[PDB]
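First the structure, then my questions, so here it is.
Each chain gets a letter, A, B, C, D, E, F, G and H, in the order it is written, and its residues are counted from 1.
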Amino acid sequence: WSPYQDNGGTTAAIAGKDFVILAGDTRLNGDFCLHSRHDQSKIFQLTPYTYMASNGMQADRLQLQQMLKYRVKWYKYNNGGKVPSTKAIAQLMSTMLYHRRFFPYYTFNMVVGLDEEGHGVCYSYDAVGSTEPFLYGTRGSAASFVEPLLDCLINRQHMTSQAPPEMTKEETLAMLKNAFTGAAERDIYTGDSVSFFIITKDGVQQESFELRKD
Amino acid sequence: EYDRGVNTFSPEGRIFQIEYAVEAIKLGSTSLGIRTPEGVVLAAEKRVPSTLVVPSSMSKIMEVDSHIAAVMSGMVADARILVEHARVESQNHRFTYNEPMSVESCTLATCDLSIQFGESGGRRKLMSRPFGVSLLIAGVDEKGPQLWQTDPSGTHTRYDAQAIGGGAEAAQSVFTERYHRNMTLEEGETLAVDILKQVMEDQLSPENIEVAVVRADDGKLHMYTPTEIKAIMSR
Amino acid sequence: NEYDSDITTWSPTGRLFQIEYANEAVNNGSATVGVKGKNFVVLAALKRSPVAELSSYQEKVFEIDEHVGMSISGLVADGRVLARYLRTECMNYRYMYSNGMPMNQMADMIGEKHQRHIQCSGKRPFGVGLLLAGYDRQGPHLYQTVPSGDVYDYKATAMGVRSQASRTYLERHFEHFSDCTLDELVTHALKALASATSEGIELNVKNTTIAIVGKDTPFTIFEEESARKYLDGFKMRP
Amino acid sequence: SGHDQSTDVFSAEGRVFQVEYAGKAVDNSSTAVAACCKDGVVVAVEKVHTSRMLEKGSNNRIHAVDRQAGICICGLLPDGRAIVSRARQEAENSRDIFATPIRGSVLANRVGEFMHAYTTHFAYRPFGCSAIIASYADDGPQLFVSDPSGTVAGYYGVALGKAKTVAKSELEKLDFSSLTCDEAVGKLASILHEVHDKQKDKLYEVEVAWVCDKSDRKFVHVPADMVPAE
Amino acid sequence: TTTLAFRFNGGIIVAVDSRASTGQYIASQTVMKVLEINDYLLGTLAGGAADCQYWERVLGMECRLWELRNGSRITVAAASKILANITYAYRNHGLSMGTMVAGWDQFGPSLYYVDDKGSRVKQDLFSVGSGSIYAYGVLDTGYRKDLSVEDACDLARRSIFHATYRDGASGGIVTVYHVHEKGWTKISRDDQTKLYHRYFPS
Amino acid sequence: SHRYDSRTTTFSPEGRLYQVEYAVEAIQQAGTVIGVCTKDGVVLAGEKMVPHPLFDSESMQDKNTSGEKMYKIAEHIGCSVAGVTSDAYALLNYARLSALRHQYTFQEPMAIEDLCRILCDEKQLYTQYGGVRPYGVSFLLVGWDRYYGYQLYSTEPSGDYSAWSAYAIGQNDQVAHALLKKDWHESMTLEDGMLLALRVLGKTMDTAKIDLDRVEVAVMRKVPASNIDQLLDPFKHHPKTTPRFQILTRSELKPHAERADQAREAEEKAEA
Amino acid sequence: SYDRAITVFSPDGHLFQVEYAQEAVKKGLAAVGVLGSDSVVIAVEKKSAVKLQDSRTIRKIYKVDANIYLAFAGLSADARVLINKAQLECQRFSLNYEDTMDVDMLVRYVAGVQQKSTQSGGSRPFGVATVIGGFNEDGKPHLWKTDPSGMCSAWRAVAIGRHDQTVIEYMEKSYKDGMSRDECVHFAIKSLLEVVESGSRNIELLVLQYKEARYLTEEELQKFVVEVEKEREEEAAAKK
Amino acid sequence: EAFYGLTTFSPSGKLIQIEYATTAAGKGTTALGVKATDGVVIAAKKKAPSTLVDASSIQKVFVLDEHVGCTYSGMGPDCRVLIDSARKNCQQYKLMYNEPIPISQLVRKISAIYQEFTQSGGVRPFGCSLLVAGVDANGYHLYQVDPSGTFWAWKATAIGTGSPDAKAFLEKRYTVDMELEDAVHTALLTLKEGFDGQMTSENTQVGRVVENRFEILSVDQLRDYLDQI
């Protein structure tokens, strides 16, 4: 008996100019069986413009979500109703991840939200809290599949062709759908149905997308 | 006298110790604070015991953070520990949440200590008496320039123009008039220095008093040197 | 009188004089009035008035969770001690059972927290009274705590300085509250509150807070900004 | 002098004045009465409302302690709440450690023992409330009373409150050997209305609970339409 | 990881790569190795990114507190001893961090190296990391005290570039910082491959 | 309860600590003990109570550590006590433990001024915390160390100590003060020091023909070193002479007593 | 343990324990410390030479750190227990930061202890007021003064102990800014002696320069006390 | 929990609480003890409160170990505390040094509790004065502790009510070269001279330490001397 376990899954975000597309696959698998195909315990909404999407062990992320939600509530009560910013939430989460440094959380996290000037930004953490702000990013078992694909269509390196126009919500959504349909066909633990969260300034919308069930 | 304890209630409902500690405030040096759309201003009289003291050692205006200043009155022996507390809490809030603390949160963190008095130790060590000091915090956060006040009660109160210390009674008289809501920082300078001129037994000198200002656009604390106070008196 | 020196001393007439003094701390705080309807609860608190140009602003109304809230009266330096505890406990409960703590359980928690402080030597009673406002499966609840530790499930109440007139008004209209709607509830509450102010002072957005909590409505405080919907049209018609 | 200021001071005649002063505060509380009717127990308490806006169900003095035992606290309500919480901690232990419902007499003994640990120390004050414990365990119906002195005693019919003598003179003439709870819920309820004075308190209301075989040996509040109107 | 800093007549020069490899997979190519503690001190990140980030942020809180209390900037010799005590207290908890604190206090520039077991040395030439063994080679043979600020910055840039080229655990964007008496300024920040066709053209 | 609190540790309206003043007034009724610091030794001469006809002595082997008035704190530190007797033993045990723990840590004899400070901090500690009475006792420590040779300190029941060349505490100590400051010179040997002691002792309790049942003397000098076993630690330099605190019996005081009363009658014949 | 509140507020807002400590200070031995251009001097009253104190010397200006000296006024035992705390703090500081403690930080720590005493349970305030002089590691002579109330403050020529206000308000009108090394030793005596008896053997003086602090010997002090008494008698002949 | 002190100095410099405690420790029954070159004798007086007291069970001569005895005069319930701690300290010494504890260390240890209670917080001083006796490597001993904490190495002493006359009688009938039976006889004789009636074998209780051990006298052994004086 070891207190750790990996429940597979994957998540991936792309930040735009005034939005962020967050995506997480809804699939929960245990030791060798498949617990559920409707697992919605990956993407957790902290504030109306901030989300945390985490992979790894499921109990640890169900615990960390509550710890972060209560820290956000304390911050809201002490500051007279001022909902914290994405930057504050990301630094808070790093500090929280490092306190349990000797019996760690088995999660890999992303704090996806909007900055103050309106631009969207993503964060990425290790198991202990090495945060780094960035513009896209994927975590989970399907990381080494999706990351190099996005690296090649967004950064547009190694192509002697003038940079295309800035990608909008629909184009980014389609690109991320491509990435997930491609990763659901080569990873055994990934993909029964993915959930997309389009975070914009006038609130957030939500969509689903269906993959192969094998 | 020790007949009634530290936690006894008076027949009028107010605790004896906190009612006495508020009386000790009017024995101290006066102080001001004026909030304006451009910034906030904190003025105070050092009230040196002799002409020999190097006055820059009895600064009544302590910096709690690059955007949060605090002026006190009463017994300045305690106020230093309240200021170290506010500094530690503000630095923690910058270390954890990575952004400047809000002034009202600093005032909460100060009263949270100032309430913890009692006599029975048991689990936690307490203060044997309230702090005989009434702070006055001022700062600039996203909610604009803000001035908060604190009593030994543990009761924090946001204001627009307040006076503590001895000559605060006539100071509130000078306050009720001569103060609209949308003044200029220079107008606040003139008004505060006038008040100090009015309610002090000593003669107002650029080395006699201390003035600090926190401007909104800059968003930083800017303590005045004697020459700048001379520039204000010459107006 | 030498039988009020301690909180652990009974007068020959079986009286606790320290607690009878602590009640005078509530009887001298800012007036507040709570009114419970069929699906909504409305608290209306009278804050401090501006001195002709300057606005002193102190937090009397608190939110404890999505469905709870409390308006304190008396010494605020104790109201915060209790609001921190109530928030901590409603969070410890929402963490275990993932649902809002019922009012019938929170009132008892407040009662015990009070009573624990009126039986030892090195303690003192909280000189602060609460007006709890909540909504759960069983509908809206309006309590009122005193320093002695009691808790009273009320239909409509008022406490603070010169709150006797607020109660004298409320004890005529409190039979029709189960039918008056939200606007009518807030109007009854404001009319009852304005009956406790000074002579030449009237209610306006500058010196009134209105908190509301109901079935589909999380606890919302209302200050100057949107109080005008209930406050800008308001006359104390005798 | 000062010989009546703390609980750890015997008077010149060996009396602990502070506990007599405590009991004096119970002698001035709302009326309660109780009957052990050889097949169940019935407790009935007077609730004196100070306000006519009080919701029915507020300041209920009868609290359940286990499935079968209940406590009616005549006296200071907050202190009665502490005793009720302590009795609840004592009854849950026997249901946890010893896998058995706590016997009524043992519960009364423990509640008295806890009430008495506050009248020995110089740093506490005696509870200002007398408890009426009504239990029905596997040992039959039991009705005990605990005074602020910490002394417990089992009764057949007990009266407490401000009007305690005339309300006790009513219980002498019941039978208590053939008396059934189904009629006792009427008898005691009428006794309280007879003893209650109404030119002092304009608002009053009677709240009664019972535990017998009809309620599956469970301490519950009386069905609403079982108390006579007045 | 490759990190270097050397002292000369004109200040201190820090230079870093920007890559964080988790074994054989490259996590990111934009990690920021130079954590500016304050407006006067520079700390570098090598080893465990979590440990370095956390403890240098703690040190930047403590230097600011020191400045608030006494009213004077903290010195490098004391700002480096704080980190040495922090690290030495946890010498048996498995930290992994080697950092370099470089500053310009009121005793001229100072440059200390603080290890993960509490080691604390003061030299004028350091290069920590896994590609460090490739920096020293090109660093020791060109380093001399009297370098012009641009000549020394070029030495540091050309020395990191050779560590990024032979080592698989280093690369990305080479960044060069300068520490003088007025504070510190980021000199340059350039991609590792645009440097290759600039040093070995044709 | 808090109403019967005597509040020992409080400042009175005139900055005076009443309990410490009462301790001082308590020590004044205790037995007078004097101590003179010569150049080749230091003497403590005190007076013990009248011997009841039924008193016995604990037949103690090696009787050089504890007399009736003077005690030994370490191989090179002796002390004398004045005040509440049974309270002095707690501090005496504490001081023995202190002067042994320093030798456990540093392997060197603790110097008098270190110990005199380490047991006066204890006497002060009670004057500021705890709210219980202070130790109502006064000391006279005598001893030898390589730093200042023969030292002699004096203690107050308030934590303050002072180094004296010849001091006296107890009954009539203001008399022995004016008498010791009268006749004491630096060039005074040990045996002439002892003559100064008993002489001024008899004068303080008013006895002509000084008695040998009511007096106790303890001398602290250097004797030649004894147990130097150099063959068991060939790199340990043992000094050639070590200090030894020694309490005087009846057989060896009577020679010094007959010369004290003889000096008395000498300085008495010349009064006319 | 025993932690009953001792220092509590009076019906006028006066801490009786603190006022009573400040009264026990007034009954002590004076101590005058003045600040010069490149050296700071401190003079202590040295209660008396009673012809009975050990011929060996014992000092009354205590070395708190290699560059920070202290001179107390008040109750002696609490003074020693405070000096020991200060000496422990200096050595802990020059172990957590490798840098010698400045004067100002030591004054702040000692004033923190002083104040913590007046807000703790079961402890009365220290009855000591101290003068702390020293040099930072860049010259800059500093002179500070604490009170039993815990309010530290930096001065330029301070006196503590009995007849405090007399000496302060006398030597405030006779202090010239930027004195020389032999001016201070003359200005320290001439001001202190306004309270002490004419006896020249109850004065103990210390001069403190950058990286050097030496005590002035008996004949050195006599050379200056004679000059001081002559100037005072000349000022008297000028009075009349 | 009443951590402050009850006994405090007074303007005259007297721990007057200790004087009250020493008066309270002189009101009990009269005990006495004498020494001789062969051993020590302790003799108490079991004053029975009533004929229904079972004189067998009340005891005033307590064994502390194989070589030490004791007897008190004052508050019995207080003396139980000191006896219970003294036996523990006597067993802890044999545990660590494997040697019968000498009397002097035993008295120093139990005279350290008197003082610890005259200076602790929230406690009152003890009200009983002991009479320790016994043997060690350097002869026989008889000490007499007090509520103030002091102890004295007597040769023949008496405590309780009727002490100033019992010690006066002991001054005269003592002899420096007394054998042991002389001591038993003189103890019983000075008790009779102060006895209110005539003592029986169950109205007194003596303990005589002989050559290695304490051995409280039995009823028949005690009788054998009672009807011979």
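Keep this in mind: contacts are C-beta pairs under 8 Å (C-beta built on N, C-alpha and C of every residue); 3 or more make two chains touch, one makes a residue touch a chain.
Every chain gets a centre from its CA atoms, and the centre nearest the mean of all protein CA atoms is that of B. Contact tally for B-E versus A-E: the pair with more C-beta pairs in contact is A-E.
Note on chain placement: the centre of subunit D and the centre of subunit H lie 56 Å apart, centres being C-alpha means. Taking the mean of the C-alpha atoms as each chain's centre, subunit E and subunit H sit 81 Å apart. Inter-chain spacing, taken between the CA centroids of subunit F and subunit H, is 32 Å. For subunit D, the set of residues that touch two or more other chains comprises 5-6, 122-123. For subunit G, residues touching at least two other chains, in rising order: 1-4, 6. Of all residues in subunit E, those touching 2 or more other chains are 69, listed in ascending order.
Interface residues of subunit A facing subunit C in the complex, by the touch rule stated above, are 66, 70, 73, 77, 80.
Residues of subunit H touching subunit F in their complex: 2-15, 35, 104, 108, 111-112, 114-116, 118-121, 138-139, 141-142, 146, 148-157, 167, 170-171, 174.
Against subunit B, the residues of subunit E that register as touching in their complex are 57-58, 61, 64-65, 68-69. For subunit D in complex with subunit C, the residues that touch the partner chain are 4-6, 18, 21-28, 51-55, 57-59, 77-79, 81-82, 85, 118, 122-126, 128.
By the touch criterion given at the top, residues 2, 5, 7, 9-16, 37, 117, 120-121, 123-125, 127-132, 148, 151-152, 158-160, 162-167, 177, 180-181, 184, 186 of subunit F touch subunit G in their complex.
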